[PDB]
């Protein structure tokens, strides 16, 4: 039995996705076929309702000099983060000498807008290659993990932060209590800790199990974040649902009683209770649906091959590691994966070892079918790939059901 990382309660497993590789490691084709693996399974705390993985991957195996994800690769996301930055500039950063800290700034997708406004800021980016990309834009970055001690160090030299922000980053820190202690040492008394991550309600509704992989330790809900904040002296004071990344919620935490929660918080809590979101039975039914999507997806991919149809994948997502390894999908069923990230191209995907090629290579003559791993980017991608569909090529999606369009 494993102990909850928020509260120490007991975690009950409901989904076992078996042995899995590191999702963001892309090997050269000549590399030894050895990879770190771990058991990926998900459970729910008995006491605080936090849904979480049962085995942690050590941080330094995932996040380091060669981490390959570049935030600024999506036009939708560049606009999404510039707007959030302007919203903070108009609201929480209007003081004399305001200060914003971002946890997980990556290539500077959000902080560039802050820097261009002349506002004091600091990004934490322990993956040094993407940290350098942010520093080239004139952003101030420290190549360290955010945790209690590094937060203390920033408080000592820079003073309190008006906003601490994290997007797609808090989800992967199992040492969330250390981060909370850091936020407590660093945040201004009237500041906010704002984070946005994949939402449990969307995952259950869409059967989007590919959101579950080594860099998604927590599947947060308003119910579990409310408990986590409270147990640490914060309070959930606003929630906003976001369409990005398959469905997210942005959570705003303030010191307890310092601000009054928006009506939005109670509304979302009540909908999660009515829908029995976090009940073990609902979560087990989700797990049953995961197996049905596996079985349908592999039946389709095998019938396509029996029918002489060509199949590739589009987007070398981290998420796709779960799909290929749980369903047993490799290059005999999906020949190549197309992707815009230079450091993933001319490499093999983890576990399944499908070759990754540049997206500029997806061109006439097109394959019959493209398995859309980057399904969270469907509008942006399909807008760029109208010629493929006009030519008769079709997309295979597995969210929220296996279907072709």
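Residue numbers count along the first chain shown, from 1.
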remark   = Avg C-alpha B-factor, entry values, 321 to 329 vs 93 to 101, higher side is 93 to 101
request  = Could you check which stretch, 128 to 136 or 199 to 207, carries the larger mean CA temperature factor in the entry?
outcome  = 128 to 136
ask   = Looking at 212, 109, 283, 188, which has the biggest Cα B factor in the entry?
value = 188
query = Between 298, 177, 216, 224, where does the Cα B-factor run highest in the record?
reply = 177
task = Among all modelled residues of this chain, ranked by Cα B factor, put residue 342 in the bottom, middle or top third, i.e. lowest, middle or highest.
result = middle
request  = Place residue 245 in the lowest, middle or highest third of its chain's C-alpha B-factors, as listed in the PDB entry.
outcome  = lowest
query = Should residue 37 be placed in the lowest, middle or highest third of its chain by the C-alpha B factor in the entry?
reply = middle
Residue 313, C-alpha B-factor rank within chain (lowest, middle or highest third) = lowest
message = For the chain shown, is the CA B-factor of residue 80 in the lowest, middle or highest third of its modelled residues?
response = middle
